[PDB]
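Peer 1:
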Amino acid sequence: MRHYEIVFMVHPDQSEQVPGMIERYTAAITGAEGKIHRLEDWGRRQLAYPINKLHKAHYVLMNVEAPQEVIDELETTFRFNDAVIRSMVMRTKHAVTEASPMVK
Amino acid sequence: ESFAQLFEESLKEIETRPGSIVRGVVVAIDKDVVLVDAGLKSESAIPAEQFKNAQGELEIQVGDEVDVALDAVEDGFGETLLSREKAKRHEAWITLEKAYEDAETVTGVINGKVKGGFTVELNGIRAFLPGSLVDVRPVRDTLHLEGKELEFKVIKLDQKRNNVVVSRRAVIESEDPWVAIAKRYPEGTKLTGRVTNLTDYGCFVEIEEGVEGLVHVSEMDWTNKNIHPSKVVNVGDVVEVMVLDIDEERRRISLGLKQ
Amino acid sequence: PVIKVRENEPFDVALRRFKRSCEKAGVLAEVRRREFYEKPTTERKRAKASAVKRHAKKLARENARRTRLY
Amino acid sequence: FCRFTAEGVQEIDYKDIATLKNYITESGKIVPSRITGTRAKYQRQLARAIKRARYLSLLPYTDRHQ
Amino acid sequence: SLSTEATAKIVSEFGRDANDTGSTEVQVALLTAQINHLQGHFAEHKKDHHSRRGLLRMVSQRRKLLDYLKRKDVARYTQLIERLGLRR
Amino acid sequence: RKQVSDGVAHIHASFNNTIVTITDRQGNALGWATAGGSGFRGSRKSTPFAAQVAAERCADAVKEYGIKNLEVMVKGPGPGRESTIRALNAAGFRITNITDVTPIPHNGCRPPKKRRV
RNA sequence: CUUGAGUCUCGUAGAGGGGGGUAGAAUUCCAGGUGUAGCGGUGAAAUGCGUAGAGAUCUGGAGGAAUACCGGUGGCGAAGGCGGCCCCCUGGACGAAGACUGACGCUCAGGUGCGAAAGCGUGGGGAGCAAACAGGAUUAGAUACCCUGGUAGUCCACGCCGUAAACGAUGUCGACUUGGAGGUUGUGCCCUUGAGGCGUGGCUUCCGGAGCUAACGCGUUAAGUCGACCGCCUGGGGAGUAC
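So the sequence lines, in the order shown, correspond to chains P, W, U, S, V and D.
Just so we're aligned, residue 43 is where the first sequence starts under the working numbering, counting upward by one.
Just so we're aligned, residue 2 is where the second sequence starts under the working numbering, counting upward by one.
Just so we're aligned, residue 1249 is where the third sequence starts under the working numbering, counting upward by one.
Just so we're aligned, residue 444 is where the fourth sequence starts under the working numbering, counting upward by one.
Just so we're aligned, residue 11 is where the fifth sequence starts under the working numbering, counting upward by one.
Just so we're aligned, residue 8 is where the sixth sequence starts under the working numbering, counting upward by one.
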């Protein structure tokens, strides 16, 4: 429908919970016949500045071709979920399946 | 008729833009201005200093032929950029010749490293090379008789920015500038750079593969303020300069000359 | 303009470096600019005026240069 | 002497942090298109990318802040 | 704007050839649909003045088209206005 | 008083008056001095010399703490900026870092109106 | 009938508009730590804040407003105007080829809408700034300029107001007439042999030719050469006032 690109940052103490969260997110996307073109756990990462007093955080990239309702839902979930510190759902023109420059 | 049209495409065919075709005949000499005519719209105001060879006196009388250069047209009145750069292409060709047989042989004599590689001079010109290139091993030409005769065996060349370090003695043995701007960095790496334009606060020596250096007015000499850089150095000349400072961000490498 | 004195570096040199850094930043200039409120109009005017001046310097002066002074 | 014209990139990436880092100051500020010689079209894109990065704490807003 | 598929559909219905697209009637239909779409938007966003300008322009264009149709060929116009449900 | 080897010098350099404050690395102020305090008033205290002497005074004040290493944080625009740090150096601390810490907003609050003189 | 006008296809750049989120810097205040006599301010002072612990400095919190750098005689918009980042809804512009419609056009008195800032109404909000006001200076006086404070207001919602040097002091639309140097945004070809080479469109900054102009100047974005429609002027004041 519309090709979004999502990057969310999880609190580093909840790093072991991340995979489950990712799975959940994927599931929702799948539900509305939404494809998920790339998905990249960047892992624990040093922040350029300390958001909410903490210096590292766990970054997950995820590209999705989904309807906007589901995106909205995801956003809502993120906002209420306290594990995820920041998110940045961000539209894109194409599917962009090729890997990110920091993974490579 | 189409005589002229054909003559035009003929004359297009029998010239090119760079200093390649040795065509300008020296048709008046006067100190301090040479002048040619390479089939261009006007005659060059040549310096005398693009034409004296290795000890200071002139070499070419009337009728003699050197190509100059091009791709710059009309600053008001006149035609060229200097033929001496011409010469650089010839030097490049000889350096390239190495590749064929994996060994360019001339003479290289390198006494010392301004910036970590002995300086080698070929014919009139002198070039700077990275520190390893001067010696094959750890021999070091400091114990060799000063300004000794070998050749140059090439150690390293930078391929974009022109720095070539060559192999003295041991005959038997045989986007782009700004990401990795850490090569000439570390505090004081001396460089050989041609100055371009002196902006009454500066001199703008800039050679190392698409960068910009200043050497502004404060150093330049050992007088501060009364100096006026046009009096004190040159126009278009390869000099002693080193970095003293790099900002890889606001591309201002601030070189010096008082060293 | 965060700076650290290198091992066996002179004080004066360090100071100079710091100064240079500051200059690069344009921190002082920025401060000066934000001392008082500039009306948008005024800001616009300065920018355009400055531009005009620059243009004048570049072209008219170049034209003058073509002709010799003596 | 623009990099992005030569590379021929379709869009500048905020994730490509290293690349961004060449166009950002020691103090964190985005470097002018006069200095870098970046093309105007690309410059804006680059700026946007940088901004995005800053939001994601990939690049810093400034040197001092902590 | 109007989605491509929707536009195509509109063209097919009103246009005689279906490749035609520029038929007056077809154009009118296209305009009308757009107007309808924008009504919803403008109910929500009453202060979106700039956008509303475009809508107004579109409406004007439609009116003009209708007028043109009327002088040329009355029956067709009548048919069109029955189809779309344009009071005039 | 507990002696401390390393600390910070905060140099608040205004247009009218320089204030030097030596503190520990954590934030807790040890001593301070000012150009206004050093026996300079009006025209005099808005000068580099004044700033320097303030700095000197400050240094003198934190003698008992036994401070060898010192990082400098320079704030605001003023004469007392280079001079002050020089003075500090003279007074004989190993100057470790020289930081600028001027508060630059990213366009935030409206400044006061421009003076008509 | 297809050259004007419009529709469709694919892209393009954009501070165009409306709505909802969020980020970081800085100011202010609150609470607490450290610390000690000044701070602040000016031409110079004083009012003012300070030993009831200010200023400085560090930690934590609150809240509002605006968005450094990018940033540009850059961009978009009918004008007014529009500037962090993200999403949702949404208007226009331009190019590339085709395909279609077939004069459907231009202008517009009345009419209708949009229309900076200030201002008004009701309800919120209120950090900073600041008409009014107060004090301190300056001064012959100082109902000002400068300083210290400071309330409407600025901010948001929904209404009204309908004006500005609302300016390019230049109505809109179309056609035609020598050039140069740029900027920006497409696009065709070319060995992109490289940041290039040769074109071709849109918008745009400066200089200047003919011509025009009282001169200043304008000059393919005309103030030139013409056509279509509208608006407006008829000495200065009285007056854009009175009724």
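Cβ coordinates follow ideal geometry from the N, Cα and C atoms, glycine included.
Output the distance between the C-alpha atoms of D:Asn23 and D:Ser53, rounded to the nearest integer angstrom.
Peer 2: Separation of D:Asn23 and D:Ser53 (C-alpha to C-alpha, rounded to the nearest whole angstrom) is 5 Å.
Peer 1: Residues of chain S with a CB under 9 Å from the CB of W:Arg252: which are they?
Peer 2: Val474, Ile478, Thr479, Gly480
Peer 1: Which residues in chain D sit within 8 Å of U:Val1261, going by Cβ to Cβ distance?
Peer 2: Per Cβ cutoff of 8 Å: no residues; U:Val1261 is ~11 Å from chain D at best.
Peer 1: Output the distance between the C-alpha atoms of W:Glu9 and W:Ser3, rounded to the nearest integer angstrom.
Peer 2: 9 Å
Peer 1: W:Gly77 CB to nearest chain U CB: under 8 Å?
Peer 2: yes
Peer 1: Identify which residue in W:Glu241, W:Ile247, W:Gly237, W:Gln260 has its Cα closest to the Cα of W:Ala49.
Peer 2: W:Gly237
Peer 1: Compare the C-alpha of D:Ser45 against each of D:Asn35, D:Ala36, D:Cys65 and name the closest.
Peer 2: D:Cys65
Peer 1: Determine which residues share a DSSP beta bridge with P:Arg80 and list them.
Peer 2: P:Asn105
Peer 1: Might you give, ordered along the chain, the residues of its own chain that have their beta carbon closer than 7 Å to the beta carbon of W:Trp179, omitting 5 neighbours on each side?
Peer 2: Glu249, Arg252
Peer 1: For W:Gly257, write down the residues that DSSP places opposite it in a beta bridge.
Peer 2: W:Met243
Peer 1: Going by Cα to Cα distance, which pick from W:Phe205, W:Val212, W:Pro139 is closest to W:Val218?
Peer 2: W:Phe205
Peer 1: Give me the residue from S:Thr479, S:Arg491, S:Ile473 with the minimum Cα distance to S:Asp506.
Peer 2: From the listed residues S:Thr479, S:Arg491, S:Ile473, the smallest Cα separation to S:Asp506 is found for S:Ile473.
Peer 1: Mapping DSSP to helix, strand and coil, what is W:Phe78?
Peer 2: coil
Peer 1: May I ask you to list, following chain order, the residues of the stretch 195-211 of chain W that have a beta carbon less than 9 Å from some beta carbon of chain U?
Peer 2: none
Peer 1: For the pair the stretch 12-26 of chain D and the stretch 63-79 of chain D, tell me if three or more CB-CB distances fall below 8 Å.
Peer 2: yes
Peer 1: Mind listing the chain U neighbours of D:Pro55? Cutoff is C-beta to C-beta under 9 Å, in chain order.
Peer 2: Here the premise fails: no neighbours, minimum Cβ distance about 13 Å.
Peer 1: Kindly indicate if chain U contains any beta-carbon less than 8 Å away from that of W:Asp248.
Peer 2: By this cut-off, W:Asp248 is an interface position.
Peer 1: Using a Cβ-Cβ distance cut-off of 8 Å, determine whether U:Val1250 contacts chain S.
Peer 2: With 8 Å as the cut-off, U:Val1250 counts as an interface residue toward chain S.
Peer 1: Would a check of beta-carbon distances place U:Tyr1285 closer than 8 Å to chain D?
Peer 2: yes
Peer 1: Taking Cβ-Cβ distances shorter than 8 Å, what residues in chain W pair up with U:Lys1272?
Peer 2: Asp248, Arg251, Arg253
Peer 1: DSSP three-state label for D:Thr41, please.
Peer 2: strand
Peer 1: Use the C-beta contact count for V:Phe24: other C-beta atoms within 10 angstroms, 16 or more gives buried, fewer gives exposed.
Peer 2: Its Cβ being crowded by 16 or more others within 10 Å, V:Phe24 is buried.
Peer 1: Would you report the Cα separation of D:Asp31 and D:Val69, rounded to the nearest angstrom?
Peer 2: Distance between the alpha carbons of D:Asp31 and D:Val69: 11 Å.
Peer 1: Using a Cβ-Cβ cut-off of less than 8 Å, give me the residues of the stretch 86-97 of chain D that come near chain U, in sequence order.
Peer 2: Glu89, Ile92, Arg93, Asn96
Peer 1: Alpha carbon to alpha carbon, how far is W:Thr193 from W:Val121?
Peer 2: 11 Å
Peer 1: So, does the CB of S:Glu469 fall closer than 8 Å to a CB anywhere in chain W?
Peer 2: yes
Peer 1: Enumerate in chain order the residues of its own chain whose CB-to-CB distance from V:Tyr78 is below 7 Å, with the five nearest sequence positions on each side excluded.
Peer 2: Result list for V:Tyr78: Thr34, in chain order.
Peer 1: Only counting the same chain, and skipping five residues up and downstream in sequence, which positions put a Cβ closer than 8 Å to that of S:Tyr466?
Peer 2: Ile473, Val474, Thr479, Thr481, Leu489, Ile493
Peer 1: Can you find a CB in chain U that lies within less than 8 Å of the CB of S:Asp506?
Peer 2: yes
Peer 1: Applying the 10 Å Cβ sphere with the 16-neighbour rule, what's the burial state of D:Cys116?
Peer 2: exposed
Peer 1: Taking the beta strand (DSSP E) that D:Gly14 belongs to, which residues open and close that run?
Peer 2: 13-20
Peer 1: Using the Cα positions of U:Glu1255 and D:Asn104, report the straight-line distance between them to the nearest angstrom.
Peer 2: 12 Å
Peer 1: Is there a C-beta anywhere in chain W that falls below 8 Å from the one on U:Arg1280?
Peer 2: no
Peer 1: Mapping the DSSP letters down to three states, classify D:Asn24 as helix, strand or coil.
Peer 2: coil
Peer 1: For D:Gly99, which of helix, strand or coil comes out of DSSP?
Peer 2: coil
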